[PDB]
Each structure stands twice: as structure tokens, then as C-alpha cells.
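Okay, so we've got a single protein chain in two different forms coming up as C-alpha cells, structure 1 first and structure 2 after it.
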Structure 1
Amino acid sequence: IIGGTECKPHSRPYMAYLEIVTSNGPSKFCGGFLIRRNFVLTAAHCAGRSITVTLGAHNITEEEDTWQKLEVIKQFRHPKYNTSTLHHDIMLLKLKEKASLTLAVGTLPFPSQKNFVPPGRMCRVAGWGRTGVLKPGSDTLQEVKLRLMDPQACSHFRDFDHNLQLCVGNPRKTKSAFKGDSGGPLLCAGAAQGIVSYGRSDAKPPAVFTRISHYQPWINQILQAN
């Protein structure tokens, strides 16, 4: 998160920290959020050989009794996820066991395909991503308020599609989601509407978020079958 503030510890109980092991190189991390006791929603580009989810955290390098760490047993990348168009950057993760719901660990619902969030309103995103182009990922969970922009604001992003993605962050400000925040949810009025997908390597807003509403049917299918 660029230009955000540290969250009040445990104020966003649905936040999930993902530690991903790549079939080949260094490990990496992403954000995500609990939509069911045993399911976490995140970005498809965050997939890997194996993933461990940590719930109930704030300072990810400091274990707390609120922590619930669970191994992912199944990765469900959207079938149409495309690395060229970067469309459908969404994925569901099934946890080895159901997490226990506590004040520090809770679920968040996903929106209906009929509910299309239009440009103009203010939302917020949280994450453990880098706080600058040359800064490491934040130890603590950060959050920032960002403006939902007209899709035209994201025309410089190849294949940007208003029906599938959200254009987030006023370009005349430096505040923005950034590397490491991927997979993390964008909340507008307390309801999840997007998933951090990608943006400029130089961290300049706006960034691209997956429009969650568009994938409700797909999400419900997976939940039904698992």
C-alpha cells in the first residue's frame, strides 16, 4: 500500500496473508480474504506449488494468539485466467480445515453479478504490500482510501475491460495499492467488490482490480462442489 495508514490491529478480520512457494524459486506473498470458513478468495496470479494462509494477523512477523495458520489443499484458478490480457485474475483456495470464527478471524460475503459497482465512489483496500517502489513489503497491515475511476482512466493498461476489471485510484495522487497487495480485497461501504490484480511497476495509480461481481456464478459453483 502506497500512502496509506496502519490498520487498527484486527479491524479487518477477513484479511488473509498468503505465503506462496513457487515450484522453482524464492517464496512470495499475496493478500486475500476469507469468504467461507474453509475458502479464501485471491488473485489467480498468486497461484503456486503450495500455499499457507495466515488469518488473524496484523504484524505478519509477530505471531499472536489470534493467529490461525492453515495449509491450502486445493487451488482453483479461474479457467479463463489469461497472462496476456490478464483477464479473470481470480482464484479460490480451499483450506485443509475450517477456520474458527473469532473477533480476529471472520468472513466477508461476495457480491451478486447483478450488482455492478459504477465509477465515482470511494473504497478502501488493505494489504501487506510494499509501501514504495524500493521498499520491502510492510510488516504491518496497511490500508488506504481510493477512488473508483472511469474505465477510461485505465486505458493505458493493455486489454483493460470495464466489465471485468475495476480502475482504482485517482491518478493525480500517489495513494495506491501496489506490489504485494495483490489478491487483497477492495471494500466499498463495507462490501467487497474487487481483488487487487496489477498495475504499473513504478507504483503510479490507477491500478487494476478484478471486478468480483462478474465472477459470482463461478464462485458459487466452486463452493457448491466443495
Structure 2
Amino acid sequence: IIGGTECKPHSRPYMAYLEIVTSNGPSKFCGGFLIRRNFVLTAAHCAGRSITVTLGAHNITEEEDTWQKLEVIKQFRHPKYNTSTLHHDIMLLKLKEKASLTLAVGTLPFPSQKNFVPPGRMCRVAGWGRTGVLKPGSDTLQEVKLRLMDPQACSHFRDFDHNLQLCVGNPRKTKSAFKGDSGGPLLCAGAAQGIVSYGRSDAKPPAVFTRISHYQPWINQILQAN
């Protein structure tokens, strides 16, 4: 999270830190959120051979009682997930056991929106991602306020699609989501509306976020069958 501020410890109880294991490389990390006691929503590109979820965290370098490290038994990537266009970058992770509901760990009900969030509206995204282009990932959960842009603002991303994704982050500001924040939720009015997906390597906003609403039907499908 570039140009943001350190969250008030555990003020975002649904946040999930993800350590991802791959075959030919060191572990990678991503964000995500707890939508069910045993289900975490995140970005499809964050998929791996195996994944470990850590809920209730703030400073990920220091283990505390609020911590709940859980085993992921199954990774559900969207069937149409495309690595070249980056469309449908959404994944559901089913947990081994259900997490415990604490002050530091809870779910973020994938809502019920009466109307789509009009650009111009400010929303917020949190994460443990890099805080700059050549900066490392943050030890503590960062948070920043970003403006929902008109789809035109994301035109340069040749494969960006309004129906499928959200354009987030005013280009006139440096604030934005960055490497590492992927999988985290974008919250507008307290309701999850997006998932950090991608942006320019040089960090110039806007950034591309998956439009959750659009996949609500696929999400309920996976849930209902597992």
C-alpha cells in the first residue's frame, strides 16, 4: 500500500495474509479476506501448489495470540481465469477447519448492494504489500483511501473491462495498491466491491481490481457445493 497509513491493529478482522508455496521458487505472499469461517476470497494469480492463511494479524513478523494460521485444503480458481488478459482473477480458498470468531478475526459478508458504486466515490484497500517501487513488503497492515475511477481512466490497460473490473486510484495522486496487496478487498461504504488484481510496475495509479458483484453467482456456486 503506497501512500497509506498503518491500520489500527486488528481493525480489519477479515484480512487474511497468504503465504503461497510454488514448485520452482521461494514463497510468495498476497492478501485476501474471510467471507466464511472456512472460506477466504482472494486473487486467482495468487494460486500455488499449497497456501497457508494467517488471520488476526497486524505485524506479520511477530506472532500474537490473535493469530490463527490455517491450512488450505482446496484452491478454487475461476474456470475462465486467463494469465495473459488477467480476466477473472478471483479465487476461493476453502479452509481445513473453520476459523474462530474473535475481536481480531471475523468475516466480511459478501454484501447485498442496491446500486453499483458510482465513480467519484472513495473506497479503501488494506494489505501487506510493498510501500514503494523498490520498497519491500510492509511488516504491518497498511491502509489507504482510493477514488473509484470511470472505466475510461483504465483504458491504457488494453484488456481492462468495465463489467469485469473496477478502476481504482486517482492518477493525480501517488496513493494506490501495489505488488503484494493482490487478493485484498476494496471496501466502499463498508462493503467489499473489489479485489486487488494488477497495475503498472512503476506504480502509477489507477490500478485494476476484479469486480466482485459480477462473480457473485460463481461464488455462491462454489460455496453451495463445498
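Only residues modelled in both forms are compared. FYI, numbering is relative to structure 1, first residue = 1. C-alpha atoms forming the largest set that superposes within 1.5 Å between two forms make up the rigid core.
Once you line up the core between structures 1 and 2, the CA of 112 is the only one from 100, 112, 155, 82 that shifts by 2 Å or more.
Core-superposed comparison between structures 1 and 2: residue 31 shows a Cα shift of 0.1 Å.
Under a 2 Å criterion for C-alpha shift, the lone consecutive stretch of 3+ residues that differs between structures 1 and 2 after core superposition lies at 111-118.
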